[PDB]
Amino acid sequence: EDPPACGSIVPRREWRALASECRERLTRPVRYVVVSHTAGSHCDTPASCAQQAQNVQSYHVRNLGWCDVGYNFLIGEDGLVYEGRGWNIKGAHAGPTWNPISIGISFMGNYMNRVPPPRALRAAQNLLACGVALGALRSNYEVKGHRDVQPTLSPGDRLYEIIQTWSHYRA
């Protein structure tokens, strides 16, 4: 229901997601974007990646007791973006400092010794673009690695060096 909709995103319902219980909202236009990797399994198909979105969310909700999967968005290697908390709800990916002043997107998989296909990178940037068009993101926006803000290897050596060559990337 109620879809138009931008950057070709797989809606929560499409991926058979449990419902959110999160309330805290993000004050848009948002300034930062933090890229992480789930550090979980990778997947390269609509089917496999939906099952992985579930797996990630399930771990976050049933096990860490969170109100919803931690990320605002998840990127699959199938080149599709999966809906997490979204543009409006504050995420849980970067620590109390960074969670309310940024959107966090996560690439499903471990990218330490592996690199994400061009399509996933496309879906990523394309995702950010839609964000500006929406007022959710800030056109002047800045990109940061998960590791650029938290003692963590995330989003992986391989992927980390790519987002640095991104134009909107700041260190």
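Numbers for residues come from their place in the sequence shown, where the first is 1. Between two forms, the rigid core is defined as the largest C-alpha subset superposing within 1.5 Å.
Core superposition of the other structures onto this form places the C-alphas of 5 to 13 farther off in 9 other deposited structures of this protein than those of the other stretch among 5 to 13 and 153 to 161.
Averaged over Cα atoms, the B-factor as recorded in the entry is higher for 110 to 118 than for the other of 110 to 118 and 60 to 68. In this entry, the higher average B-factor at the C-alpha atoms falls on 27 to 35, of the pair 27 to 35 and 42 to 50. Remark: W87 belongs to the middle third of its chain, ranked by C-alpha B-factor as recorded. When the CA B factors of the chain's modelled residues are split into thirds, the value for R13 lands in the middle one. Per-chain ranking of the deposited C-alpha B factor places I101 in the highest third. In the PDB entry, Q125 places in the middle third of its chain by CA B-factor.
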